[PDB]
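K.L.:
Please see the structure below; I have some questions.
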Amino acid sequence: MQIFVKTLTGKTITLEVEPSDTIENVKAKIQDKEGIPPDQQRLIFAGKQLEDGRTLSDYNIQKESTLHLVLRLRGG
């Protein structure tokens with residue numbers, strides 16, 4: 001299925017995912033397409049900060065859902 005990832009600059013990227021994908025898997029796809037490492041990515045959906053180990057289905061992320069990507073430097 002297809003989901004969208006929107007950045008704070010307005011840029012929108014389309015990803016192919018499945019409900020069993022983890023949030024880390026989604027970050028890995030963003031790394032594939034954009035070169036940004038998962039540990040610099042914060043993903044947000046439904047007003048929740050998405051946890052790397054949980055799945056898209058855990059967050060009720062569906063076809064054509066839009067996630068928000070916020071870049072951040074790691075703690076430390």
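Residues in the structure tokens are numbered from 1 in each chain, the chains being A, B, ... in the order shown, and ligands are numbered from 1 in the order shown.
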If you take only C-alpha atoms and a cut-off of 7 Å, which residues of segment 45-71 of chain A touch segment 7-30 of chain A, and what are their nearest atom pairs and distances in Å to one decimal, in chain and number order, as a Markdown table?
P.N.:
| residue | atom | partner | partner_atom | distance |
| --- | --- | --- | --- | --- |
| A:50 | CA | A:23 | CA | 6.7 |
| A:51 | CA | A:23 | CA | 6.4 |
| A:52 | CA | A:24 | CA | 4.5 |
| A:53 | CA | A:22 | CA | 5.8 |
| A:54 | CA | A:22 | CA | 5.3 |
| A:55 | CA | A:22 | CA | 4.1 |
| A:56 | CA | A:19 | CA | 5.0 |
| A:57 | CA | A:19 | CA | 4.9 |
| A:68 | CA | A:7 | CA | 5.8 |
| A:69 | CA | A:7 | CA | 4.9 |
| A:70 | CA | A:7 | CA | 6.3 |
K.L.:
Can I get the selection written as a JSON list (two decimals), in the first residue's frame, with N, CA, C and O atoms?
P.N.:
[["chain", "number", "residue", "atom", "x", "y", "z"],
["A", 50, "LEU", "N", 5.97, 8.31, 16.62],
["A", 50, "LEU", "CA", 5.92, 6.88, 16.31],
["A", 50, "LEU", "C", 7.19, 6.17, 16.79],
["A", 50, "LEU", "O", 8.31, 6.64, 16.53],
["A", 51, "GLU", "N", 7.01, 5.04, 17.48],
["A", 51, "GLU", "CA", 8.11, 4.28, 18.07],
["A", 51, "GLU", "C", 8.68, 3.28, 17.06],
["A", 51, "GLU", "O", 7.92, 2.55, 16.43],
["A", 52, "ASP", "N", 10.01, 3.23, 16.97],
["A", 52, "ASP", "CA", 10.69, 2.46, 15.92],
["A", 52, "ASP", "C", 10.21, 1.01, 15.84],
["A", 52, "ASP", "O", 10.03, 0.47, 14.74],
["A", 53, "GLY", "N", 10.03, 0.35, 16.99],
["A", 53, "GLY", "CA", 9.71, -1.06, 16.99],
["A", 53, "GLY", "C", 8.25, -1.40, 16.71],
["A", 53, "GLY", "O", 7.94, -2.57, 16.45],
["A", 54, "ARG", "N", 7.35, -0.43, 16.76],
["A", 54, "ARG", "CA", 5.95, -0.73, 16.55],
["A", 54, "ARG", "C", 5.62, -0.73, 15.06],
["A", 54, "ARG", "O", 6.41, -0.29, 14.22],
["A", 55, "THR", "N", 4.46, -1.29, 14.72],
["A", 55, "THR", "CA", 4.07, -1.46, 13.33],
["A", 55, "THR", "C", 3.12, -0.36, 12.89],
["A", 55, "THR", "O", 2.51, 0.34, 13.71],
["A", 56, "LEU", "N", 2.99, -0.21, 11.57],
["A", 56, "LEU", "CA", 2.00, 0.71, 11.02],
["A", 56, "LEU", "C", 0.60, 0.36, 11.52],
["A", 56, "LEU", "O", -0.19, 1.25, 11.83],
["A", 57, "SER", "N", 0.29, -0.94, 11.60],
["A", 57, "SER", "CA", -1.03, -1.34, 12.07],
["A", 57, "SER", "C", -1.27, -0.91, 13.52],
["A", 57, "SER", "O", -2.41, -0.60, 13.89],
["A", 68, "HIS", "N", 4.05, 12.73, 9.21],
["A", 68, "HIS", "CA", 4.90, 13.91, 9.20],
["A", 68, "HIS", "C", 6.31, 13.52, 9.62],
["A", 68, "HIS", "O", 6.49, 12.79, 10.60],
["A", 69, "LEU", "N", 7.29, 14.00, 8.87],
["A", 69, "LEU", "CA", 8.70, 13.77, 9.16],
["A", 69, "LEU", "C", 9.30, 15.05, 9.71],
["A", 69, "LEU", "O", 9.22, 16.11, 9.07],
["A", 70, "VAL", "N", 9.89, 14.96, 10.89],
["A", 70, "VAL", "CA", 10.62, 16.06, 11.51],
["A", 70, "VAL", "C", 12.06, 15.59, 11.68],
["A", 70, "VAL", "O", 12.29, 14.51, 12.22]]
K.L.:
Point out the residue among A:76, A:71, A:64, A:58 with the least atom-to-atom distance to residue 42 of chain A, counting only C-alpha atoms.
P.N.:
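Among A:76, A:71, A:64, A:58, it is A:71 that comes nearest to residue 42 of chain A.
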K.L.:
Run DSSP on the backbone of this structure and report the residues of segment 13-61 of chain A it assigns to strand (DSSP E or B), as a PyMOL selection string.
P.N.:
chain A and resi 13-16+22+41-45+48-49+55
K.L.:
Produce a file of the selected residues containing N, CA and C atoms, as an mmCIF file, in the first residue's frame.
P.N.:
data_model
loop_
_atom_site.group_PDB
_atom_site.id
_atom_site.type_symbol
_atom_site.label_atom_id
_atom_site.label_comp_id
_atom_site.auth_asym_id
_atom_site.auth_seq_id
_atom_site.Cartn_x
_atom_site.Cartn_y
_atom_site.Cartn_z
ATOM 1 N N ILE A 13 6.668 12.861 0.124
ATOM 2 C CA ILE A 13 7.244 11.680 -0.498
ATOM 3 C C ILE A 13 6.257 10.527 -0.349
ATOM 4 N N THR A 14 6.176 9.691 -1.373
ATOM 5 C CA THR A 14 5.301 8.526 -1.367
ATOM 6 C C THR A 14 6.132 7.279 -1.096
ATOM 7 N N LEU A 15 5.682 6.451 -0.151
ATOM 8 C CA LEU A 15 6.340 5.190 0.159
ATOM 9 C C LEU A 15 5.380 4.029 -0.074
ATOM 10 N N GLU A 16 5.938 2.880 -0.464
ATOM 11 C CA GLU A 16 5.197 1.626 -0.525
ATOM 12 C C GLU A 16 5.509 0.829 0.730
ATOM 13 N N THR A 22 7.463 -2.141 10.413
ATOM 14 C CA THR A 22 7.747 -1.338 11.590
ATOM 15 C C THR A 22 8.012 0.110 11.194
ATOM 16 N N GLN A 41 15.524 10.945 12.183
ATOM 17 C CA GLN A 41 14.149 11.054 11.711
ATOM 18 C C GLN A 41 13.186 10.900 12.874
ATOM 19 N N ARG A 42 12.224 11.809 12.958
ATOM 20 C CA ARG A 42 11.072 11.652 13.835
ATOM 21 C C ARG A 42 9.834 11.568 12.960
ATOM 22 N N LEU A 43 9.063 10.499 13.115
ATOM 23 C CA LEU A 43 7.828 10.334 12.361
ATOM 24 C C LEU A 43 6.646 10.516 13.300
ATOM 25 N N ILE A 44 5.602 11.168 12.795
ATOM 26 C CA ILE A 44 4.433 11.543 13.580
ATOM 27 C C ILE A 44 3.197 11.156 12.791
ATOM 28 N N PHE A 45 2.236 10.529 13.460
ATOM 29 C CA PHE A 45 0.933 10.253 12.870
ATOM 30 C C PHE A 45 -0.094 10.274 13.985
ATOM 31 N N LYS A 48 0.842 11.366 17.380
ATOM 32 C CA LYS A 48 1.712 10.537 18.194
ATOM 33 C C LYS A 48 3.091 10.480 17.566
ATOM 34 N N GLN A 49 4.108 10.523 18.413
ATOM 35 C CA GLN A 49 5.475 10.269 17.986
ATOM 36 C C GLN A 49 5.659 8.762 17.835
ATOM 37 N N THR A 55 4.465 -1.290 14.720
ATOM 38 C CA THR A 55 4.075 -1.458 13.329
ATOM 39 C C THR A 55 3.121 -0.356 12.890
#
